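Given as structure tokens, the chain that follows is alone and in the form deposited in one PDB entry.
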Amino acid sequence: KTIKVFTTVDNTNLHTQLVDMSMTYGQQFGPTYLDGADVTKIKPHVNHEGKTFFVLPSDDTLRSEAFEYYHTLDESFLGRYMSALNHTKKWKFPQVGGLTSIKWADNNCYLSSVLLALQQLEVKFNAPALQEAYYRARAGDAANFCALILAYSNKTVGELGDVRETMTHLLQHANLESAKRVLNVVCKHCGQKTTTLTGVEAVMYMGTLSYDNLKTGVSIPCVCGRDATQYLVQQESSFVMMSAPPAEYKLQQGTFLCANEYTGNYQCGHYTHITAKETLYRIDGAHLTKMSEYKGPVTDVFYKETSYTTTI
């Protein structure tokens, strides 16, 4: 005999569907899931009904629901999200220094840092999936948020990941609509040029870890065979993230918002988060340690911001 179940892609909109006892969900819906669990080819358990299944957007209304919720047109997204969620729901999200963190697992240290950094920045997401999952993550329930970050950045559970690259995909879905940056490049020979940067690039900079240094000038190669100076004339955003490859860099109190460091090599290494509180907290998944100063291989540093305009 048949039965009635519900299908969804966003978990908010449900669609009543007659489930023929004969087939496997896959024959009837396509790829299908339960709580992350893949069940594409299986038979409907006699007490299966009244349960909500995920499915691939196999028609207009579904495709439309996914885009609205996820803000993606990638036909594989929903299936990758589910694979990840399937595993992230096995992770532990303890409070460490008054933030949600991640107990080490499956090379997820980088996601930990992303997650700890986000919680300290006033940033909002456009995609309802991100908004909601983030709201739930700040509240200690971060399985969905991780699975989504993984899916947005095209990574799978187990792989080691780069915090910066990951920020790049995420900040693509953050409200940076008002975020503006103006940079001036002066070459003593070539002359001057000025650039306005919007979106992700208004907030993210690869070249120095120091925010002061971008204000005072950083040297860069000039097509002229010389060394140019790049400095910030104007900043409009609630934060900035500064990145460099791992080098020995000193973190003092009162100078930054938060940071992470990477120890190891490109192929194989470990991230830890540092946050500046009453004193410095170094958050390493579940583990916590304090110090008044840290000098190590910092890779990404965050600073708070409102509006900045240069003298000069």
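Between two forms, the rigid core is defined as the largest C-alpha subset superposing within 1.5 Å. One rule holds for the numbers: they count along the sequence shown, beginning at 1.
Below: the form deposited in another entry, not depicted.
Candidate set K124, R226, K89, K103; criterion, C-alpha shift of 2 Å or more between the shown form and the other one after rigid-core fit; matching residue, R226. With the core held fixed between the shown form and the other one, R282 has its Cα displaced by under 2 Å. Residue displacement note: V46 has its CA displaced by at least 2 Å between the shown form and the other one (rigid core superposed).
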